Amino acid sequence: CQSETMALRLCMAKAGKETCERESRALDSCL
Amino acid sequence: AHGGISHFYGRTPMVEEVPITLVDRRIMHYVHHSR
Amino acid sequence: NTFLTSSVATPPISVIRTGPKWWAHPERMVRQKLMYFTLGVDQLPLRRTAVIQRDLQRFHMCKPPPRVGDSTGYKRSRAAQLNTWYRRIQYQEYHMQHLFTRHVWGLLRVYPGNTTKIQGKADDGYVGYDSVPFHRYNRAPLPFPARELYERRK
Amino acid sequence: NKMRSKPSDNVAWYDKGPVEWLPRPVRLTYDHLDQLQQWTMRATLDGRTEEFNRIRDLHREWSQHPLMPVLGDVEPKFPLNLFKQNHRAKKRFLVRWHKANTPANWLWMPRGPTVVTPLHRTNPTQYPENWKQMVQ
Amino acid sequence: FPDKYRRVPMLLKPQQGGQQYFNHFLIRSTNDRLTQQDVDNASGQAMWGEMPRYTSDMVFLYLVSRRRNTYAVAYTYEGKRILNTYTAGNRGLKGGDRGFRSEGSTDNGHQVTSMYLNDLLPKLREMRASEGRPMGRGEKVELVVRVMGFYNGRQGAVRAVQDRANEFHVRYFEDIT
Amino acid sequence: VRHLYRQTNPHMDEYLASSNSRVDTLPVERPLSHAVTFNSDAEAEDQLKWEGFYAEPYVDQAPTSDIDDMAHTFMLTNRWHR
Amino acid sequence: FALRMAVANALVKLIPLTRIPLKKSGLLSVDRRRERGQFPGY
Amino acid sequence: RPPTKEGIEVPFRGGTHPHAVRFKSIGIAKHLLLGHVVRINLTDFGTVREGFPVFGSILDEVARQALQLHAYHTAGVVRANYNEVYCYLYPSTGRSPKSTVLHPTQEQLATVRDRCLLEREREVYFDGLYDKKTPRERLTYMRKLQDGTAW
Amino acid sequence: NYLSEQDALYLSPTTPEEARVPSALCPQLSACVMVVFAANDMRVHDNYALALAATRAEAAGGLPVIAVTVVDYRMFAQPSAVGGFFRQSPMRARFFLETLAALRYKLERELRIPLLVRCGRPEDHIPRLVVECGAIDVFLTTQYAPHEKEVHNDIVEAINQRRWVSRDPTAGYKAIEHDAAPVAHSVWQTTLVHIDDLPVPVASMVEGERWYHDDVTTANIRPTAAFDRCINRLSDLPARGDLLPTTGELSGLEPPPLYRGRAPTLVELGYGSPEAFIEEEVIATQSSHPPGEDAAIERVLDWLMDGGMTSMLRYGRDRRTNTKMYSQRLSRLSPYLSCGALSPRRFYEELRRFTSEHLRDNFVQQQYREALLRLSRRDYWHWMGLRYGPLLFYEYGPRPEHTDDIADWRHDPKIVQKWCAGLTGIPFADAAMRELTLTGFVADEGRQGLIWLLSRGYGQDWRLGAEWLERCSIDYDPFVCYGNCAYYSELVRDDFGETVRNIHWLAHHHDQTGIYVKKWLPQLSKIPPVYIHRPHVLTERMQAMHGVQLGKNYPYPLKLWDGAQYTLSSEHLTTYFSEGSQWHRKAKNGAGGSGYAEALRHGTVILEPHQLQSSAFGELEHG
RNA sequence: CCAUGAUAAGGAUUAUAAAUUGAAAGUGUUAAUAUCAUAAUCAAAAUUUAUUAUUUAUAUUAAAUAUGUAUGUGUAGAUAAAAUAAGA
Ligand SMILES: Cc1cc2c(cc1C)N(C[C@H](O)[C@H](O)[C@H](O)COP(=O)(O)OP(=O)(O)OC[C@H]1O[C@@H](n3cnc4c(N)ncnc43)[C@H](O)[C@@H]1O)c1[nH]c(=O)[nH]c(=O)c1N2
């Protein structure tokens, strides 16, 4: 899932202090 | 002559107008495909 | 205290890696809790390392989940982050334990082991009745009445 | 067999923090706990709260929750060499790294007057020994 | 290689505690679902063309990566050398401690290009001020990047030139074979 | 799609400032600039790659040139053994 | 652990219906782990 | 550093034919002209009594070839190990200048041969009884001494 | 005060009975032959003076041999000329005293030669002891350095003129009272190639390292067996057992007899507040230097055996490449060669024997030639220092003709403090400084980097760096140290020689992987090798990922980049020597630690203070 | 003086899910050595002769003669070992 991977990696790059558990869940669900 | 219009100005195969890291990666991929 | 011989020093990572044998030994942890309580201060880092050790020891028997399913890009980094965070909390607890042991020694007129520093009254490592005549790490010669750190009475 | 005057890694540092880094092992017994209880009882009966205030200040300074490490932050590990077991090299590297990582240089621990610690009383006046000073 | 806890039972690896709480949790869940149904019912009731056109202020930067070397040079529009070529051997990275294989690597090219640009900026300012052309408080110099070689150091060089984008602005990125 | 300078800057007394006009005898590099916002993919990925995100924590205890030196030594050993 | 196993077995013998919770919690499951025997080689 | 000349070694064996000796001597003279310090060692010669005349003949051949090629050199002390007999030829290079071809005399060669023969005989007849294990190696060495093949 | 009491005890007009060398029993043993030891030679294996004294005693008959060693009290506790640095820091002083004790043990227990150790002025102590002992021949080595050449000349003049010394004033006396016409023999034994054997004269010597290497190619080296034979025959000479130490003195139950001498300590020499001189850093190196002569010989043999020859040149290269400063295969023999414990002739003989034994390999000759080249480079620096004379130690080097591009030597005490404490931004320079300050030794590349960074990199005076390296490095040879400092500070610009390379070039060349920097500063272990040697370039995210917070640990570089005055503030630029710094909180009273004007701040005995030193102290107090 | 056997080093892989407290260590060969079935001149009491896994600082020789020399900041290179009632 290109969109989910892009969202997770954008979260990782932009917000190092806080991780997006929502984005991680979306990625693993779409996978 | 390396200034203004140069000897290789007409012999430049690939020109891309403007990050440039993506451009460089794409050009390297095209060269890899060619070779 | 009763132990006054020469001692070697070990990295805190080694004692942290030692699980419910020395570092997480319940009797030793209860002694540390009593030391904090009798001084009337909270035991937050001790309780944090206690719950961490309980959770680790409860599931140490279980096999790890399949690493193929876990994403090396994110899951492995998250696991490393959590492990480092737990290790840092345990480091803080270890440092607090050593600091408060030194402080209680100084208050109770307890002479520590050789080359042990008690801030406030030794500041350079108390050494007494050692195998080497000279003070280690300082090369200062030592008298036979080694050092009276505290006042005589009581 | 050979005799070496080399200062080993077991050298203690008596100027970095109240407790010397790479501290010597300490044995805290119940006799020490009982003596501490007796001393605290005598001190609180006499009314001298200065030592308790100093202990509270030390605890407030050195008992704060570490911060969440950003992803990618991990302690360095020793490479897996093919030259058998470099046990001594691994031990030296680990000891050197932990000696360098002094408690004063612990960046994860929030220490100093700048940080706010919403769990402990800031000054001895807030403690219950000054109950008469906070009335009506 | 073998299992460490093979002699421990599966029901013991790990042992599930708190069995007595499951019945209470199930009954509480039933009651919560019942009251949720009740409140739901209550609510329900209620030269030309594509060829680039250059400018006299733009500096031509050449990045030539080799099999075991890399070079970064710059020239003004007139055709004068702003600064001499910076090579891996000139910087000392080719000397060793990494092997001949590491010569002309991505990181090597990146650091060589970064050093060359850092040394270029004051030299470029001095060259501009020689003819009474101040750079200004905000340094935004336009450069045309020309990359040659098709090697690992090329990626490092382009990353280095992409860095410090506040001072350097890339106008055209061209490749020469 | 001088005196006044030190009065004004009390921290700068213990440091030194390079001249922007001309290159100094000791070159010092400026901090690099990274992309706060990425237009698309393969940009944040490259930034993570260049930030050391995917770099092994293992510390280099031996140089990579040791293998090359050993290979050259073995070649010369075979040569003089011939 | 041995005491817990003995008490669990006694409870199961006394009240038969207590067998299910203890068995599901793995209190009657014996582990065959045993310390290494004596050997002059080691 | 200034380039040091390689310390070349030319192997020899007891039983080399005079053609091979001549060729090796020519090569030795060539390397001496090039300035390399050369080493001549006889590897397989049996007993030290038979390995010395061949070494002397090799020295004579090297001397003749050096005289022909104008490669002046000085021969060092001849040292006989148990397995080999070796010597070093130093050409005129650097600190020590040598303008003439110098070789040990037959008197010196005979003295060296007698000394080395005595050393080898004393070693085989004395050291071997003690330098090995007693229960089996010593008994085997005594058997070798009885057979006369302990050499 | 210790110097004053030593003078009042020994250099007294009456010379009381306690501080009097006992007379011999046999009339023949009344006279003897004396030898003077110094910091340039503390060996008994290849001492030309010792061999000559043994031969003289043998020729005279049963003449006993006596040894005297007077320490230069000034060199241990007097401040440096520029910046008030210490001379012979306690790390060096302990090594010097241990080497002296090893030499005394070697002479008194193996050779049965009584060595008398004295403290104070050599030019005062030596002639008076000559007069009192009635020595006929005084054998000593030729010192040719400032504060050593002059004292040697004074010593030989006073020996020739038979002069007694009393030290209430600076007063000399004839030999009419002593309450034979002695001769002093000064011998040259410092250089590997003995003087009068050089293929070209020193005066007409062309200034060039490669030229001297080509000269040493033709030049010969004296053997050591000739002097070893004399040393061995020295044992057959009769000795005065009354001057030898007793079992109780050896065990340390009682102090040595007052006429013999007492080895001084740090406090006696003048080192005050030792707690401020304890460096609490990680010692990454795993090799030490056991002081002594037998220890030096064992170290040489071990370095030859364990394959240490590859440190000179890698196998099958024939071309010099980057060194491995983090390795333990290097020959750490510079202290033993500078202090005279190991003789260059003995080391050369060991190298020659090893090369001959392993000559079957086709590359040992190149490594031997490299080692001989380095020894000849040391000798060349000695010769160049002799040629320069006193001009070597002046400002802008000995040759002002090469200093056209040099600035006016701006001097900043805080910059010098940070440089000498290693608080810069270059990991290579920081690691080299840490190694030098902890171990007392650092590699040639590290020394080059430090001296170039202080002189040309920062614009500070080169004498400050030279004197700091003198204070730290246990292998401090005046000529070699100052000549190398001048050469790598772009003061002596002789062509046809090694190029002066940037600190960045050295970091990229000899430490490209960064093993050395990550080992001596293990807090930087997480930084990738692309970003090491420039960690200030890292952004906030990258530095948080790699666990290196600038300003907190590993502060910003001394040389800020272009700008850096608008994007940085006092929050980022953290001070290290302010009123509320850890550096002030030391010395158990509070003066500072190790650095600028440290002798003034800590030293107990200070002689001839300077206006610059007083002004610097006042500025430090104000700031 | 019997050359012939053992040993050293030393590995293999099926057990789904429910139930059960259960249903869970296996060796060629290459090596060295040796006291056995095989080929006569010489080891076991008169032992110096150098043969890997040892007790480090409150109290230290009484029953077969039962150890006086290595304190030195525990500081190298190499070598061996294990996932076994423990807690990577
Ligand atoms: C700023 C500065 C200051 C100094 C020095 C250099 C520089 C740049 N040197 C020279 C050099 O730093 C030093 O000789 C070696 O680095 C010592 O390391 P090793 O013993 O491992 O050399 P190595 O293993 O090569 O030892 C061989 C011997 O050769 C000699 N040698 C080697 N390199 C030399 C060089 N470059 N110059 C002179 N002799 C050299 C030394 O006697 C050394 O012991 C020096 N040296 C010294 O003995 N005392 C000093 O006080 C100084 N000071």
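Since every read-out is calculated from the coordinates, none of them should be taken as a lab result. Neighbour counts run over all protein chains shown; Cβ positions are idealised from the backbone, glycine included.
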Neighbours of I:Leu234 by Cβ distance under 15 Å: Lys/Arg at +1, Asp/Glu at -1, summed charge +1
Cα-based helix-to-principal-axis angle, C:44-58 vs chain C, degrees rounded to 10
50 degrees
Need the list of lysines near C:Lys21 for cross-linking: C-alpha distance under 23 angstrom, and skip anything on the same chain fewer than eight residues off.
C:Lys33, C:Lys63, D:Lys91, E:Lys4, E:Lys13
Report the net charge of residues surrounding C:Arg48, where surrounding means a beta-carbon distance below 13 angstrom and charges are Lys +1, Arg +1, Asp -1, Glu -1.
+2
What FRET efficiency comes out for the pair H:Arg136/C:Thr5, r = Cβ-Cβ distance, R0 = 60 Å, nearest 0.05?
0.75
Cα-based count: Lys pairs in chain I below 17 Å, eight or more positions apart or different chains?
8
For the range I:192-244, state what percent of all Cα-Cα pairs lands in each successive 5 Å bin, counting from 0 Å until the bin that includes the largest distance.
4, 15, 17, 15, 8, 9, 9, 8, 6, 7, 2
Hey, any idea what Rg/Rh is for chain I, computing Rh the Kirkwood way over Cα pairs?
0.98
Using alpha carbon centroids, what distance separates the range I:231-302 and the range F:19-82, in Å?
48 Å
Part-to-part distance (alpha-carbon centres) for the range H:83-99 and the range I:580-623, which is given in Å
64 Å
Simple spin-label estimate for G:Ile20 and I:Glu254 in nanometres, 7 Å along Cα-Cβ:
9.6 nm
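Rank these for me by crowding, I:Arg94, I:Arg229, going from fewest to most other beta carbons within 10 Å.
Values: I:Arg94 18, I:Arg229 13.
Sorted ascending by nearby Cβ count, the order is I:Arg229, I:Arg94.
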Take the alpha carbon atoms of the range C:11-43, find their center, do the same for the range E:17-41, and report the distance between the two centers in whole angstrom.
40 Å
Taking a crude spin-label model, label points 7 Å out from Cα along the C-beta direction, the I:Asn232 to H:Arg115 distance in nm is 1.7 nm
For H:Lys144, list the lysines whose Cα falls under 18 Å from its own Cα; do not include residues on the same chain fewer than 8 positions away.
H:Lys132, H:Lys133
Can you check what the net charge comes to around I:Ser570, using other residues whose Cβ is under 13 Å from the Cβ of I:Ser570 (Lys, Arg +1; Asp, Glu -1)?
-3
Dimensions (Å) - the range I:328-469, Cα atoms, principal axes, largest first
55, 35, 29
